[PDB]
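Visitor: Here it is: the structure, laid out below.
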Amino acid sequence: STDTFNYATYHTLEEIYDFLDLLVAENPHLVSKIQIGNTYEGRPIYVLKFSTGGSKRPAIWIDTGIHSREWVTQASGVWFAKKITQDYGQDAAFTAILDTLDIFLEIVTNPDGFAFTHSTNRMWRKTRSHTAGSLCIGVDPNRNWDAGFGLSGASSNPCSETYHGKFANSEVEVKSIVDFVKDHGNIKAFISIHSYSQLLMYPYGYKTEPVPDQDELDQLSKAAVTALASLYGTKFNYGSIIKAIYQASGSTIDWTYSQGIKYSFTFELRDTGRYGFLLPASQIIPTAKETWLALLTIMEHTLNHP
Ligand SMILES: CC(=O)N[C@@H](CC(C)C)C(=O)N[C@@H](Cc1ccccc1)P(=O)([O-])C[C@@H](Cc1ccccc1)C(=O)O
Ligand SMILES: [Zn+2]
């Protein structure tokens, strides 16, 4: 059951999918699973919805595993799902969050990539869509969104790690999120989680110009990384994507923010390079724990600022 699940190890796609079902079955009045589409290879795409009721409540969205090799992100998502059901009705501050906000959690945002990192190539990053006249496979799901699509910060070469695709939303894994969010209409925070580098970022990645909500986002980022540090002393930096890392066009939070989702953030988790993507299983739960502190901070702020 989810009480006997090993949270400190990396799992396969099937185990994570079995986990989703276990958690819904153990918490039928709190947690449900939504299929938002099928991947290029036909695998279902699922979102957990955590809700104490109401009808299209204001919601936080959290996604992990958009880039499939980023294993700590999926492993942390599993932990978060469990943390939510452990804490609701036990922790008062968290209970107050979920008595008002819904939470949507997409643990494996790129299932075909994820299965590929298990079957064939531990370092696979992209989707697994085939591109004609190319033998190279896949599109960078973090360059396929409709925000500066195709501008500097992405590549038109199908073989590139940052290939943008033929057009915005050409990847079904991306378009499925787009349609979910637009159909929902009441997403107030959108958090995309990646690794590694220990960063918390707000938009834009595609241009240098500051977002109009920059001072609010920046101070929230400061509050979040300070919360994160309070646990093991892990040091995160924060800023716009373009300043903290590099120019990237067609990325997720640029899109979400342009739809009016003000609290659009992207995390880069542990570590800063020693292990990079190959983070030991012994760092899964501390990464998750400290990251949960940062998440609490953003959620509470979203709760309090309509
Ligand atoms: C071999 C390697 O490291 N490749 C990079 C991606 C290529 C550009 C070289 C990468 O995979 N970056 C991931 C994490 C990272 C690694 C080293 C330094 C900094 C970051 P990333 O999660 O894939 C970085 C991410 C940044 C981002 C976040 C949100 C909106 C726009 C861009 C991205 O490139 O999508
Ligand atoms: Zn990434």
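Residue numbering: from 1, along the chain as shown.
Determination method: X-ray crystallography, 2.3 Å.
For all residues, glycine too, the Cβ spot is worked out from N, Cα and C.
Feature table excerpt (Swiss-Prot):
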DOMAIN    9-302  domain 'Peptidase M14'
BINDING   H67, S68, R69, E70, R125, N142, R143, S195, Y196, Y246  substrate binding site
DISULFID  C136-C159  disulfide bond
ACT_SITE  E268  active site, proton donor/acceptor
Visitor: When the Cβ positions of the recorded positions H67, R69, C136, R143, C159 are compared with the atoms of ligand 1, which fall under 6 Å?
Guide: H67
Visitor: In sequence order, which same-chain residues at least six apart have a C-beta under 8 angstroms from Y196 (substrate binding site)?
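Guide: In sequence order, the residues whose Cβ lies under 8 Å from that of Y196 (substrate binding site) (at least 6 apart) are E70, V72, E268, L269, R270, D271, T272, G273, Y275, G276, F277, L279.
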Visitor: Can you give me the Cα-Cα distance between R69 (substrate binding site) and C136 (disulfide bond) in Å, rounded to a whole number?
Guide: 18
Visitor: Helix, strand or coil: which one is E268 (active site, proton donor/acceptor) in, per DSSP?
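Guide: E268 (active site, proton donor/acceptor) sits in a strand per DSSP.
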Visitor: For the binding-site residues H67, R69, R125, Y196, which sit with their CB under 6 angstroms from an atom of ligand 2?
Guide: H67
Visitor: Which has the fewest other Cβ atoms within 10 Å: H67, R69, the binding-site residues listed?
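Guide: Each of the binding-site residues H67, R69 was scored by Cβ atoms within 10 Å; lowest is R69.
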Visitor: Out of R125, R143, which of the binding-site residues is least crowded by other Cβ atoms within 10 Å?
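Guide: Per-residue Cβ counts within 10 Å for the binding-site residues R125, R143 bottom out at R125.
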Visitor: If you measure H67 (substrate binding site) to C159 (disulfide bond) at Cα, how many Å is it?
Guide: 16
Visitor: Reported as an integer number of Å, what is the Cα distance between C159 (disulfide bond) and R125 (substrate binding site)?
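Guide: Rounded to the nearest whole number, the Cα-Cα distance is 12 Å.
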Visitor: Counting every protein chain present, what is the number of Cβ atoms, excluding its own, within 10 Å of the Cβ of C136 (disulfide bond)?
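Guide: A 10 Å sphere around the Cβ of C136 (disulfide bond) contains 12 other Cβ atoms.
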Visitor: Report, in whole Å, the straight Cα-to-Cα distance of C136 (disulfide bond) from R143 (substrate binding site).
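Guide: About 17 Å separate the Cα atoms of these two residues.
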Visitor: Return only the integer: C-alpha distance in Å from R125 (substrate binding site) to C136 (disulfide bond).
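Guide: Their Cα atoms are separated by 13 Å.
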Visitor: Per DSSP, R143 (substrate binding site) is which: helix, strand or coil?
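Guide: Once the DSSP labels are grouped into three classes, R143 (substrate binding site) ends up as coil.
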Visitor: For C159 (disulfide bond), what is the tally of other C-beta atoms lying within 10 angstroms of its C-beta?
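Guide: Its Cβ has 12 other Cβ atoms within 10 Å.
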Visitor: Can you count the other CB atoms that lie within 10 A of the CB of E268 (active site, proton donor/acceptor)?
Guide: 22
